[PDB]
Amino acid sequence: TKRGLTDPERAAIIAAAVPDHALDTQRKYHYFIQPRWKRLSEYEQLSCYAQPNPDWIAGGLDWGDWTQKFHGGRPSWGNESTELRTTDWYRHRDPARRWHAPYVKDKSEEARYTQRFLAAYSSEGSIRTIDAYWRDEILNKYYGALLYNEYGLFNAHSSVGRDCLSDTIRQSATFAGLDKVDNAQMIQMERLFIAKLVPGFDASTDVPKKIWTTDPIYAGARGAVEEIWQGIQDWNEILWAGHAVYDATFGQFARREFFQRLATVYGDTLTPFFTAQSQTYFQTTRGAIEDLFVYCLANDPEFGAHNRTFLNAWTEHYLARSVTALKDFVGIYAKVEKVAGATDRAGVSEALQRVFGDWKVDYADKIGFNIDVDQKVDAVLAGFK
Amino acid sequence: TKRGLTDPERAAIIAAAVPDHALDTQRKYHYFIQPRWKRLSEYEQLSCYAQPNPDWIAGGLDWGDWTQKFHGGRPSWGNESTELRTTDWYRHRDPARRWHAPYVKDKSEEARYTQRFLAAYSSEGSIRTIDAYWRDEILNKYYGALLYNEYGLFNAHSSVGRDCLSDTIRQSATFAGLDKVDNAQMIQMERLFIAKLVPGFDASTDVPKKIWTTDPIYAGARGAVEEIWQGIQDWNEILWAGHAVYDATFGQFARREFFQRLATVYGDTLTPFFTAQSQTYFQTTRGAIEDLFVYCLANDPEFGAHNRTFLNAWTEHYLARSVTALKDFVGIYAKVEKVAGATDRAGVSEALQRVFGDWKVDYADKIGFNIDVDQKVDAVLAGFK
Amino acid sequence: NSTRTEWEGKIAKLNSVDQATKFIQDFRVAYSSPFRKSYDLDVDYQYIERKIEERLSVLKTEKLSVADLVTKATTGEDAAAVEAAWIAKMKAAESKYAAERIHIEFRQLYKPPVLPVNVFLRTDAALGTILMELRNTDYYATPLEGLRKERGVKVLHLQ
Amino acid sequence: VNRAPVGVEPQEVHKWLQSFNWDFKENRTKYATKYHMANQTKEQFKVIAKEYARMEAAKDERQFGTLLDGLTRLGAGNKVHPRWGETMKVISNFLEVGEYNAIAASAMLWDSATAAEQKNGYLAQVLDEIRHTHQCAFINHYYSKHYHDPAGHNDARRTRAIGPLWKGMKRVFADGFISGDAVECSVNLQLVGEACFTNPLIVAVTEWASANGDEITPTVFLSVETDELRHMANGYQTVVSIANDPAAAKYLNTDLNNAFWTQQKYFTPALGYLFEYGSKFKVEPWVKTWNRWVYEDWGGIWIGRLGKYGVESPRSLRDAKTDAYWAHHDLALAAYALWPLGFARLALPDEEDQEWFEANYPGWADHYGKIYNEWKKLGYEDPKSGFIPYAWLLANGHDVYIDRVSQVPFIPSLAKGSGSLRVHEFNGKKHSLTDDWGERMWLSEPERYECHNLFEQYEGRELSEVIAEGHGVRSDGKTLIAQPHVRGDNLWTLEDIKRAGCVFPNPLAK
Amino acid sequence: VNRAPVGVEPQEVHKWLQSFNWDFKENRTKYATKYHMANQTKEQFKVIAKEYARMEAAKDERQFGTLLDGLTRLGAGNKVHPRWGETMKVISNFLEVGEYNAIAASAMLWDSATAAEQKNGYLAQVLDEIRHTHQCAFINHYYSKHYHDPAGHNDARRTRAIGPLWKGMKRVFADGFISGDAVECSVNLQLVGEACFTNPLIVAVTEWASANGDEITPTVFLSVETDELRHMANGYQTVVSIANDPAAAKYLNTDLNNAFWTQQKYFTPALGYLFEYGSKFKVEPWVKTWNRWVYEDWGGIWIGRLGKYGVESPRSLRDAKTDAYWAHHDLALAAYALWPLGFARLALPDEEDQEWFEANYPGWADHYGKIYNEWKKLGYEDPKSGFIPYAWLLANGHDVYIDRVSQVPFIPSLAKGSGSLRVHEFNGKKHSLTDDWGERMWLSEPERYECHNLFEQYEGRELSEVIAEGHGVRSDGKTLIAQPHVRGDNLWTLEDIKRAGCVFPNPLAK
Ligand SMILES: [Fe+3]
Ligand SMILES: [Fe+3]
Ligand SMILES: [Fe+3]
Ligand SMILES: [Fe+3]
């Protein structure tokens with residue numbers, strides 16, 4: 001029950017035993033790690049090389065085959081899980097230098113500020129000026145359907161976590177999955193708060209479940225999410241489809257355009273908070289994912305096009321899937337009552353053009369995918385009535 | 001250069017000198033402080049009784065006259081500064097138990113989340129869907145005028161800080177002043193960000209200064225703020241006028257109704273963040289101020305009505321001032337282009353009725369002020385064209 | 001390593017997709033499985049396997065189209081045909097030793113980039129489920145010496 | 001429309017903060033003043049509320065996490081010398097109210113500030129010193145929770161009024177900063193302390209606490225020094241602003257001398273006692289460090305930075321050092337005499353302490369060491385002895401008179417430092433003055449100082465009754481907050497004080 | 001419309017989380033499995049992402065603030081016994097990869113989880129173990145920055161592959177959790193460790209670090225234990241969920257025995273060496289604490305909580321304790337023999353250590369103490385001696401063979417514990433088996449284990465060349481990462497290893 005530092009004679013023995021001179025000149029932690037930026041970042045200092053990879057895995061410091069493989073001949077962490085190939089799997093570095101501590105800090109920030117502002121909004125009673133039709137129909141019915149889409153993407157990342165061939169990539173994927181699930185929690189909590197303020201509101205998830213399952217509006221989104229879950233085992237394919245193409249088309253259009261603009265122009269002020277939180281989470285995830293793909297795979301000095309050809313094929317297939325999902329989803333615009341600006345066809349086409357143009361300039365130009373926004377937006381808008 | 005704890009013989013001497021048994025049974029810090037809640041709160045444990053008050057100050061533990069008064073006969077911290085009288089000045093406790101550490105934590109939260117979300121919004125480029133007229137005229141010209149009102153309230157609290165007869169009251173007043181000034185900083189920073197995104201926007205404060213000084217719209221608000229600065233020395237009067245009546249009428253109506261609802265229904269999404277931050281800050285300040293007045297002064301067992309009669313007179317005068325300010329301000333509604341719902345007269349009257357009803361049920365019923373909202377809202381609306 | 005250098009060097013001559021497929025196939029059969037033809041190239045066989053993986057991938061997508069890339073094996077067999085054939089073979093494999101033999105040789109024959117990744121992982125999952133229900137059973141009951149004789153292993157020193 | 005990720009910086013916000021102000025006639029400083037600083041005034045630190053909050057919150061959590069994990073895991077709260085425990089008790093008790101009146105005076109400054117940038121700097125000062133108050137209170141809280149002598153920290157605020165040194169600390173920090181005129185308050189509340197006293201005081205407290213073996217204080221005090229650097233910068237900027245004023249050249253030097261003398265007259269003996277006589281392990285004699293910090297690294301730099309603007313160094317320093325050479329020992333004798341009034345427990349210097357004092361202070365033995373020796377041999381520690389040092393002083397003809405201006409205990413016969421007793425009669429009330437500057441200050445401004453000497457406060461009041469009615473009893477109800485011995489055995493009881501029967505005789509009334 | 005301040009709680013969000021799922025046919029577990037847990041499964045902890053983030057962030061800052069202020073102010077990084085410095089070096093290096101493969105295996109669990117509530121619990125597990133990885137890496141970082149022997153921590157990941165114990169730690173935590181089937185992985189990755197190993201391991205590390213005098217580790221390890229309690233609760237809940245399955249009663253006990261034996265076979269000797277032989281100040285013999293933690297407070301409670309569901313205790317514990325009574329000493333001899341391969345610096349037990357071992361372990365002297373004595377007298381520490389313990393072992397006829405299944409170094413002639421050498425021939429390759437359970441496991445599943453023994457990895461390779469090509473040299477380029485002596489004088493050089501000329505002979509090839 002005595003501490004070594006506090007005890008007198010124990011501390012004297014320790015001080016007698018400790019050498020007077022430092023044995024190694026350099027105190028730098030993992031100096032051999034190549035830093036992407038000018039100086040070795042602390043995030044790089046910890047997270048990088050945390051994965052023990054044998055030499056037969058790209059950029060593997062360790063040697064020898066896996067000491068215990070899966071049952072059968074398949075290795076535990078072999079490169080057969082992925083279809084893309086890179087010179088080294090440790091080249092990826094998150095642009096935000098976001099390891100566990102800053103991420104959890106920022107997430108506790110979101111929790112604390114959301115709770116405070118939510119209590120303040122409840123005290124002010126600003127909900128009563130919201131449009132009755134908007135909060136009564138649109139949010140309760142369909143805003144709970146996007147809950148299921150976010151949850152579907154979240155549970156989708158279950159495999160990448162296990163089948164990740166690197167460590168920073170695994171951390172980024174886990175953080176993105178946490179962003180998806182807590183966006184879902186934000187949607188559910190907003191519905192609960194709205195139920196708390198105004199009596200008679202339906203906080204149950206049965207209506208969102210019916211909208212997500214039996215309603216044709218979200219049929220394309222449901223099909224895309226279900227195909228994302230178990231359709232493809234490849235973790236690189238899962239990351240690409242569920243983060244760049246399908247996400248930044250369908251979920252980005254939905255959250256940024258409809259559930260934000262139509263919320264604003266309908267007198268809603270509670271929803272923009274949650275939409276902004278989801279938008280920030282998506283911005284961080286998109287930055288990490290685009291850094292991954294463009295820096296490592298899309299511009300690999302050796303694998304080069306091989307990795308790209310594959311990204312082109314995946315982008316084509318999942319872009320078709322997301323276009324079908326958007327075309328099936330756009331019917332909510334006819335569902336909601338007509339308003340000048342956003343609701344009418346010209347505004348919808350302009351919003352689609354903006355979304356597809358930013359997506360193109362963000363991903364397709366770097367990858368090499370050739371897309372013309374006109375036919376895409378026309379195909380999506382063909383389902384609008 | 002040797003520490004007492006680490007050094008062996010020094011630690012041995014310390015351990016020999018320290019007595020074996022604790023001298024006092026109770027470890028509680030300031031047990032004699034009467035706790036408002038069931039248990040002595042940690043905020044109460046630190047902040048309370050930090051002010052040395054002689055016995056001739058209500059609830060004063062110390063004895064003897066001030067060891068060094070102002071030049072002349074006026075004491076440094078005499079009770080002549082305030083016009084209201086209470087049995088004890090230490091009875092006030094903030095409802096949030098908000099001492100310096102949680103307050104600064106939450107304020108750093110606001111800073112960090114605002115910066116992150118602001119960068120994400122800049123990346124998404126959602127500003128381009130905003131109404132051109134709205135962000136071009138209303139925000140740039142008049143939203144910078146509310147900047148000066150917030151700054152005026154902030155510098156107004158300069159006296160209460162020095163002339164406060166208690167410690168928790170001083171902490172609450174300082175926190176409220178910090179909320180006012182950083183709301184002003186939020187307005188200025190939002191203007192700067194809008195200038196950063198869209199070229200050609202005017203980030204200079206010259207136009208807001210002209211609007212605040214030479215424009216008849218904000219003449220009433222400017223007069224009220226200027227009368228608040230040096231019109232009244234009494235710190236209780238400053239707190240009441242600048243927090244309950246004038247604030248929760250004029251600034252509350254402005255921020256909650258106009259610059260929030262009209263922002264939403266005009267396609268704006270950046271402004272609701274700052275309006276929500278200001279609303280939360282005002283909610284905390286209002287809770288603290290109403291707890292102060294109602295619990296200590298409005299329901300003092302001894303001074304009783306004396307303290308109230310004074311609150312009634314101050315409420316009448318500053319309510320007339322705030323009604324005049326609102327009547328002069330409402331012309332911005334005719335300035336902005338017509339929209340159904342908020343802009344038309346019926347919606348404006350309903351908003352005024354809501355504001356005055358909540359203000360009445362929050363303050364006047366407890367204080368005893370008799371107000372009928374109909375004549376008030378009619379007088380304010382008479383200036384609307 | 002000299003051996004690794006030589007092997008990488010002889011990989012450079014692989015300019016034909018079918019020839020590269022045959023080379024990776026027989027190299028896997030020779031040097032990859034626990035059932036092996038010769039252990040002389042042990043230790044260093046994993047690196048050469050990765051290099052030939054990369055080179056075959058490079059030869060892939062050079063002429064191969066997207067449809068074959070997504071649903072056709074390199075050898076020319078349909079993914080669903082591979083599915084059905086191997087599941088049917090596993091269903092008829094009553095012996096655990098036969099089951100492990102056929103699972104390992106299937107992994108030798110059709111694993112990426114010979115087979116598309118997704119279908120390959122689905123086959124692996126189904127085969128692993130079958131082999132777990134078929135082999136994990138009664139592990140404790142059979143005598144150690146029973147395992148020693150059934151495996152065919154010959155013991156040299158025991159004490 | 002650009003879409004690159006753009007993050008705004010506080011620099012632009014601070015730049016527009018200067019233009020935030022708008023000008024009109026009726027705006028004026030609410031408090032009386034003879035100086036008006038320049039309407040425009042730049043600040044060294046580009047600080048906004050958000051950046052300030054982030055900077056303060058990072059270090060605040062850091063230090064709270066350190067104190068709440070490492071200190072309690074090592075059990076360092078109990079592993080402190082009890083003498084230093086009492087010393088840190090009184091230090092925290094006095095500095096908390098010092099920083100509270102600091103926020104009050106800085107609020108006065110911000111009220112009397114025309115420049116918006118200067119107003120923001122003053123607001124940052126206010127919040128920083130509020131943090132300082134709460135950190136001092138938290139140090140007291142942790143000492144009460146973990147240290148083995150909780151009583152002094154438990155009733156720190158309630159029993160503070162009984163002590164005689166409390167009036168002096170009130171005069172130097174509590175009423176020393178808010179009572180003056182707004183500019184003058186600034187230098188006393190800020191420059192006089194930040195430069196001549198607070199800057200050094202901290203480093204000395206950290207070093208001495210490290211020597212004695214308490215790691216609770218250093219962290220908090222270093223965190224305070226972090227903000228104190230910004231306080232220095234703000235002081236320098238506000239003195240730059242107050243320059244170029246025609247009235248400044250007429251009164252600034254006089255105000256500087258006033259503030260410096262008023263702060264030093266009690267500051268020097270107080271620390272001297274709390275450091276030399278309050279610790280077992282001493283790193284360096286207090287006279288040398290006091291001289292160094294107050295003069296060598298304060299006067300040179302500050303006169304270099306201010307004399308360009310027309311600032312004259314106070315000439316009271318030549319008398320200040322002569323006073324300081326024995327003022328701490330004089331206050332030591334006074335405090336050892338008036339121990340029952342104070343809350344902190346005290347221990348008389350030991351033989352090693354006596355030889356240390358004699359080696360570092362020539363002539364300390366023949367003046368103070370015997371006095372302590374006959375105090376010890378007359379049952380100082382023993383409760384059964386029933387001996388009161390004040391009674392012995394009265395019997396020996398050495399009677400203590402506190403100053404009217406500074407309210408410092410002062411023995412005329414037993415002091416080797418400069419300064420003399422002066423007794424004055426004014427409208428039927430006698431007044432005690434101990435210094436020529438204090439006498440002048442009281443003479444010019446009789447209405448300034450009306451502090452009631454504790455002697456007439458307790459006239460006709462038995463000492464034990466005063467202690468009992470002042471909540472000076474322990475929690476058990478039978479023993480006193482303070483003790484003649486640092487040891488935890490034979491604690492004095494109020495019945496022993498009753499047996500002693502000390503009665504306040506009004507020494508000034510004579 | 002109500003306007004009272006209403007704050008939402010995570011309870012409702014967690015309640016709706018169960019209904020978040022929607023049901024359809026094609027949804028299935030991606031990985032191979034024979035068990036399917038109940039679609040509905042309650043969790044002990046009502047945890048959302050936001051509440052989890054707040055709970056983790058509070059303690060995370062707390063501990064970072066503590067380590068960044070108090071530890072560096074006290075200078076406790078340098079005030080540690082170098083033996084314990086190397087021991088914590090290897091502990092952190094091994095636990096970081098253990099927790100990394102823990103997040104991998106928990107991700108597998110979450111992939112193979114049907115219940116949404118169970119999925120959220122698994123996600124919380126994943127994030128918590130990510131935190132654990134980063135905390136271990138941060139401990140290594142701080143040791144590199146402050147402790148006087150940075151080399152072992154600087155190249156911790158790069159030089160880890162050279163050591164022989166690294167393969168065993170890989171088999172127990174790295175490949176022990178991800179290679180199995182999803183349910184089995186859960187118990188090995190979670191129940192087998194959390195209950196029999198991780199729960200106790202921590203408290204022991206804190207206690208022993210407190211004894212030796214390093215305060216850096218305890219705080220982090222206690223913070224880890226905080227989450228480990230939630231890990232226990234999640235384990236218990238997921239085992240409850242996996243119950244009531246017809247296949248569970250057929251394979252769960254077998255999987256439990258497999259996981260327990262595979263974890264203990266290397267876990268016991270590893271800690272035993274790292275505690276008894278890695279510290280100067282020992283609190284309590286390792287055999288007693290190992291027995292207590294693994295059996296008395298694990299088997300009773302867990303069989304009480306699981307046998308109601310049809311779980312049988314493994315019977316390997318009767319052999320496990322007999323092994324454990326000398327397995328740590330056997331691995332001690334192996335590690336002292338193979339010190340040049342490892343990165344950590346080691347010190348041979350001293351006379352006080354020898355008598356402590358003999359008093360606590362009867363018969364330790366006549367078996368190991370002399371062996372260490374003739375090692376010492378043959379120039380073990382001296383670089384000029386050019387003595388290699390492996391060369392002496394080869395000359396003395398005692399030759400070490402590592403297991404094929406567990407990859408633990410094993411000496412047959414010099415081991416007093418149970419277990420025997422077994423050599424097997426299969427398709428032209430010889431295999432070394434050290435235990436009957438391991439032999440059975442290898443026999444049934446030859447394709448399971450293909451780990452390459454380091455002996456054939458380094459066959460034909462000089463030891464100094466292996467060290468140089470493995471980055472086992474120091475930063476200067478002339479000395480080795482590991483040293484035969486804990487002292488900081490006469491560090492061995494690679495030229496001394498070249499003079500020794502040790503060549504790996506393929507002991508299994510015989
Ligand atoms: Fe301060
Ligand atoms: Fe200061
Ligand atoms: Fe863990
Ligand atoms: Fe765990």
# chains A, B, ... in the order shown; residues from 1 in each chain; ligands from 1
$ interface_residues --of "chain C" --to "chain E" --cutoff "10 Å" --atoms "only C-alpha atoms" --output "short mmCIF file (atom, residue, chain, number, x, y, z; two decimals) with N, CA and C atoms, in the first residue's frame"
data_model
loop_
_atom_site.label_atom_id
_atom_site.label_comp_id
_atom_site.auth_asym_id
_atom_site.auth_seq_id
_atom_site.Cartn_x
_atom_site.Cartn_y
_atom_site.Cartn_z
N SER C 33 -0.60 -24.04 -50.13
CA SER C 33 -1.46 -24.74 -49.20
C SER C 33 -0.65 -25.49 -48.14
N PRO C 34 -1.27 -25.81 -46.99
CA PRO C 34 -0.60 -26.71 -46.04
C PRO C 34 -0.25 -28.05 -46.67
N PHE C 35 -1.14 -28.58 -47.50
CA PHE C 35 -0.77 -29.68 -48.38
C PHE C 35 0.06 -29.11 -49.53
N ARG C 36 1.34 -29.44 -49.54
CA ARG C 36 2.29 -28.76 -50.40
C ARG C 36 3.16 -29.79 -51.11
N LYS C 37 3.66 -29.41 -52.28
CA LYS C 37 4.51 -30.30 -53.06
C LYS C 37 5.96 -30.25 -52.62
N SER C 38 6.45 -29.07 -52.24
CA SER C 38 7.82 -28.94 -51.74
C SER C 38 7.91 -27.68 -50.90
N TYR C 39 8.59 -27.79 -49.76
CA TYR C 39 8.76 -26.69 -48.82
C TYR C 39 10.02 -25.88 -49.07
N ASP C 40 10.75 -26.14 -50.16
CA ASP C 40 12.02 -25.47 -50.39
C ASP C 40 11.85 -23.96 -50.49
N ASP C 42 9.63 -22.13 -48.99
CA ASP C 42 8.86 -21.61 -47.87
C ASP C 42 9.40 -20.25 -47.44
N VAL C 43 8.67 -19.60 -46.53
CA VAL C 43 9.04 -18.31 -45.95
C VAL C 43 8.91 -17.21 -46.99
N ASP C 44 9.60 -17.35 -48.11
CA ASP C 44 9.62 -16.33 -49.15
C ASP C 44 8.53 -16.51 -50.19
N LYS C 96 -14.61 -35.09 -42.83
CA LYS C 96 -14.00 -33.81 -42.47
C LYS C 96 -12.65 -33.63 -43.16
N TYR C 97 -11.88 -34.70 -43.30
CA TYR C 97 -10.63 -34.61 -44.04
C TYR C 97 -10.88 -34.31 -45.51
N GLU C 100 -11.94 -30.59 -45.69
CA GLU C 100 -10.82 -29.65 -45.62
C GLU C 100 -9.99 -29.70 -46.89
N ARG C 101 -9.78 -30.90 -47.44
CA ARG C 101 -9.04 -31.03 -48.69
C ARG C 101 -9.72 -30.24 -49.81
N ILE C 104 -9.56 -26.40 -49.23
CA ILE C 104 -8.24 -25.85 -49.51
C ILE C 104 -7.97 -25.83 -51.01
N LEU C 121 -15.70 -14.12 -51.52
CA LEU C 121 -15.97 -14.04 -50.09
C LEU C 121 -17.28 -14.74 -49.72
N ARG C 122 -18.29 -14.66 -50.59
CA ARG C 122 -19.53 -15.38 -50.29
C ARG C 122 -19.29 -16.89 -50.29
N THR C 123 -18.52 -17.40 -51.26
CA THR C 123 -18.15 -18.81 -51.26
C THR C 123 -17.38 -19.16 -49.99
N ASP C 124 -16.45 -18.30 -49.58
CA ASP C 124 -15.67 -18.57 -48.38
C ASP C 124 -16.56 -18.64 -47.16
N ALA C 125 -17.53 -17.73 -47.05
CA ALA C 125 -18.44 -17.74 -45.91
C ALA C 125 -19.27 -19.01 -45.88
N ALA C 126 -19.84 -19.40 -47.03
CA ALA C 126 -20.65 -20.62 -47.06
C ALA C 126 -19.81 -21.85 -46.73
N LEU C 127 -18.62 -21.95 -47.31
CA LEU C 127 -17.75 -23.09 -47.05
C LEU C 127 -17.30 -23.12 -45.60
N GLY C 128 -17.01 -21.96 -45.02
CA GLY C 128 -16.62 -21.91 -43.62
C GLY C 128 -17.75 -22.32 -42.70
N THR C 129 -18.98 -21.90 -43.01
CA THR C 129 -20.12 -22.34 -42.21
C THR C 129 -20.29 -23.85 -42.28
N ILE C 130 -20.23 -24.41 -43.49
CA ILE C 130 -20.37 -25.86 -43.65
C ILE C 130 -19.26 -26.59 -42.91
N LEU C 131 -18.03 -26.11 -43.04
CA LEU C 131 -16.89 -26.78 -42.43
C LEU C 131 -16.90 -26.65 -40.91
N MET C 132 -17.42 -25.54 -40.38
CA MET C 132 -17.56 -25.40 -38.94
C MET C 132 -18.64 -26.32 -38.39
N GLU C 133 -19.78 -26.44 -39.08
CA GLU C 133 -20.79 -27.36 -38.58
C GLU C 133 -20.33 -28.80 -38.73
N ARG C 135 -16.93 -29.95 -38.83
CA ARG C 135 -15.62 -30.35 -38.22
C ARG C 135 -15.57 -29.99 -36.73
N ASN C 136 -16.20 -28.90 -36.31
CA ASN C 136 -16.04 -28.51 -34.88
C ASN C 136 -16.65 -29.59 -33.99
N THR C 137 -17.52 -30.44 -34.54
CA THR C 137 -18.25 -31.43 -33.71
C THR C 137 -17.35 -32.52 -33.10
N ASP C 138 -17.58 -32.89 -31.84
CA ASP C 138 -16.88 -34.03 -31.18
C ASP C 138 -15.35 -33.87 -31.17
N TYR C 139 -14.83 -32.65 -31.03
CA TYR C 139 -13.36 -32.51 -31.11
C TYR C 139 -12.71 -33.27 -29.95
N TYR C 140 -13.26 -33.15 -28.74
CA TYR C 140 -12.69 -33.78 -27.51
C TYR C 140 -12.71 -35.32 -27.48
N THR C 142 -12.52 -38.01 -29.90
CA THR C 142 -11.52 -38.85 -30.60
C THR C 142 -10.17 -38.82 -29.86
N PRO C 143 -9.49 -39.97 -29.65
CA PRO C 143 -8.21 -40.00 -28.93
C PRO C 143 -7.10 -39.27 -29.69
N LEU C 144 -6.19 -38.63 -28.95
CA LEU C 144 -5.04 -37.96 -29.61
C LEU C 144 -4.44 -38.95 -30.61
N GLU C 145 -4.15 -40.17 -30.17
CA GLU C 145 -3.51 -41.09 -31.11
C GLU C 145 -4.42 -41.37 -32.30
N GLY C 146 -5.73 -41.30 -32.10
CA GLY C 146 -6.65 -41.40 -33.23
C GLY C 146 -6.43 -40.29 -34.24
N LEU C 147 -6.29 -39.05 -33.77
CA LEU C 147 -5.96 -37.95 -34.67
C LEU C 147 -4.61 -38.17 -35.33
N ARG C 148 -3.63 -38.65 -34.57
CA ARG C 148 -2.30 -38.87 -35.13
C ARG C 148 -2.35 -39.88 -36.28
N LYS C 149 -3.10 -40.96 -36.11
CA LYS C 149 -3.18 -41.97 -37.16
C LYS C 149 -4.04 -41.50 -38.33
N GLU C 150 -5.16 -40.83 -38.05
CA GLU C 150 -6.04 -40.40 -39.13
C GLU C 150 -5.39 -39.34 -40.00
N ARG C 151 -4.65 -38.41 -39.39
CA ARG C 151 -3.95 -37.39 -40.16
C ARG C 151 -2.86 -37.98 -41.04
N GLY C 152 -2.36 -39.17 -40.70
CA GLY C 152 -1.27 -39.76 -41.44
C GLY C 152 0.10 -39.26 -41.04
N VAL C 153 0.19 -38.47 -39.97
CA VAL C 153 1.46 -37.91 -39.53
C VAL C 153 2.28 -38.99 -38.84
N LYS C 154 3.59 -38.97 -39.07
CA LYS C 154 4.53 -39.88 -38.43
C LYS C 154 5.32 -39.12 -37.37
N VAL C 155 5.34 -39.65 -36.16
CA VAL C 155 6.01 -39.01 -35.03
C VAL C 155 7.45 -39.48 -34.98
N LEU C 156 8.35 -38.57 -34.61
CA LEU C 156 9.78 -38.86 -34.55
C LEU C 156 10.28 -38.97 -33.11
N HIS C 157 10.06 -37.95 -32.29
CA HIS C 157 10.51 -37.95 -30.91
C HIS C 157 9.35 -37.58 -29.99
N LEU C 158 9.16 -38.38 -28.94
CA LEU C 158 8.17 -38.10 -27.91
C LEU C 158 8.76 -38.46 -26.56
N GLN C 159 8.40 -37.69 -25.54
CA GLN C 159 8.92 -37.91 -24.20
C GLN C 159 7.93 -37.46 -23.13
#
$ interface_residues --of "chain D" --to "chain E" --cutoff "9 Å" --atoms "only C-alpha atoms" --output "list in words"
residues 59, 61, 62, 63, 64, 65, 66, 67, 68, 69, 70, 71, 73, 74, 215 and 219 of chain D
$ interface_residues --of "chain B" --to "chain E" --cutoff "10 Å" --atoms "only C-alpha atoms" --output "MDAnalysis selection string"
chainID B and resid 2:6 283 358
$ interface_residues --of "chain A" --to "chain B" --cutoff "7 Å" --atoms "only C-alpha atoms" --output "NGL selection string"
:A and (5-6 or 8-9 or 11-12 or 109 or 117 or 120 or 261 or 264-267 or 269 or 272 or 280 or 283)
$ residues_around --residues "residue 27 of chain C" --least-positions-apart "4" --cutoff "10 Å" --atoms "only C-alpha atoms" --output "PyMOL selection string"
chain C and resi 21-23+31-32+45+48-49+52+108
$ closest_atom_pairs --of "chain E" --to "ligand 4" --cutoff "10 Å" --atoms "only C-alpha atoms and all ligand atoms" --output "CSV"
residue,atom,partner,partner_atom_place_in_ligand_line,distance
E:98,CA,ligand 4,1 (Fe),9.9
E:99,CA,ligand 4,1 (Fe),7.6
E:102,CA,ligand 4,1 (Fe),7.4
E:103,CA,ligand 4,1 (Fe),9.0
E:106,CA,ligand 4,1 (Fe),9.5
E:125,CA,ligand 4,1 (Fe),7.1
E:126,CA,ligand 4,1 (Fe),8.9
E:128,CA,ligand 4,1 (Fe),7.5
E:129,CA,ligand 4,1 (Fe),6.1
E:130,CA,ligand 4,1 (Fe),10.0
E:132,CA,ligand 4,1 (Fe),8.3
E:189,CA,ligand 4,1 (Fe),8.0
E:190,CA,ligand 4,1 (Fe),6.4
E:191,CA,ligand 4,1 (Fe),9.0
E:193,CA,ligand 4,1 (Fe),7.8
E:194,CA,ligand 4,1 (Fe),6.0
E:195,CA,ligand 4,1 (Fe),9.8
E:198,CA,ligand 4,1 (Fe),7.4
E:199,CA,ligand 4,1 (Fe),8.8
E:224,CA,ligand 4,1 (Fe),7.9
E:225,CA,ligand 4,1 (Fe),8.0
E:226,CA,ligand 4,1 (Fe),9.6
E:227,CA,ligand 4,1 (Fe),6.9
E:228,CA,ligand 4,1 (Fe),4.7
E:229,CA,ligand 4,1 (Fe),8.0
E:230,CA,ligand 4,1 (Fe),8.2
E:231,CA,ligand 4,1 (Fe),5.2
E:232,CA,ligand 4,1 (Fe),7.6
E:234,CA,ligand 4,1 (Fe),9.8
E:235,CA,ligand 4,1 (Fe),9.5
